[PDB]
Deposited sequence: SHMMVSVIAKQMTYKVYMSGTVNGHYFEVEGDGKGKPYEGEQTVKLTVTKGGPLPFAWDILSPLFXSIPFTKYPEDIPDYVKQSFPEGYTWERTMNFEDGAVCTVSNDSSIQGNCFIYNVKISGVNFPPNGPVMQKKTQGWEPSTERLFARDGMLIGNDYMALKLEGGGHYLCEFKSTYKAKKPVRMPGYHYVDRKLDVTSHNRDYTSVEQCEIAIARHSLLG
């Protein structure tokens, strides 16, 4: 009784296009990714095409490179997958504890076996001797995103933690808004457990590979 949608194959690839500006530095990143949407497992190779090498931590960009690769159980409506073939948009604001702010905008369509993601990031007020600019980050902690529906949109908040060179953590608030381009069956209050890891990286992070697992769940208690 767990139902797949005919536009999303059990194995799909995607292409990501990303322009951005962080502390006034402009950069373009391109990426090819592949995974199993209904199993919530994905991987993507990223090439920095313009503005490399990047003067900030890679870890601030990693969470902007693929939402349809979430495992939804049979009793929870998959808002994102239901939106295809037309697609979805999302906007995101990331708030770090040293005062830095990022705004993100993403549009997503499909072209046969392939997802197209366009993504812009604008990041400002990054402490010049902070972990992001001194590249003292060491990958994300596994997160749980709270999600609910409001005005036919899907809101998501996530308290995240960048691991720091020399132990300790650098905190960040995620607030996500997902807008389907087509009326879909809205889900209730639910959670997405996520783990993102950077798997391979050359020395100047101009060529990076990362893998994500994304599982949607109910309350684990009751």
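- Residues of the deposited sequence lacking C-alpha coordinates, counted from 1, fall in a single stretch, 66.
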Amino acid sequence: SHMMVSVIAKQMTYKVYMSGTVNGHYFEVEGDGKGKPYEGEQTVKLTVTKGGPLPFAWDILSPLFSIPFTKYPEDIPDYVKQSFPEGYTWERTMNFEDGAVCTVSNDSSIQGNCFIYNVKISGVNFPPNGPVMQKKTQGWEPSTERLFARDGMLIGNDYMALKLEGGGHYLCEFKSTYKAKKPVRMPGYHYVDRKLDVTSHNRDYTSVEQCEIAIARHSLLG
From here on, numbers count along this sequence of modelled residues.
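- Higher mean CA B-factor, judged across 72 to 80 and 126 to 134 from the recorded values: 126 to 134.
- Relative to one another, 200 to 208 and 19 to 27 have unequal mean CA B-factors, and 200 to 208 is the one with the higher figure.
- In the PDB entry, the Cα temperature factor peaks, among 119, 116, 149, 102, at 116.
- When the Cα B-factors of 156, 40, 63, 187 are read from the PDB record, 40 comes out highest.
- Among the modelled residues of its chain, residue 45 has a C-alpha B-factor that falls in the highest third, as given in the PDB entry.
- Per the deposited record, the Cα B-factor of residue 167 falls in the highest third when ranked against the other modelled residues of its chain.
- In the PDB entry, a CA B factor belonging to the middle third of its chain's modelled residues is recorded for residue 144.
- For residue 5, the recorded CA temperature factor ranks within the middle third of the chain's modelled residues.
- Residue-level temperature factors show residue 194 in the middle third of its chain, judged at the C-alpha atom.
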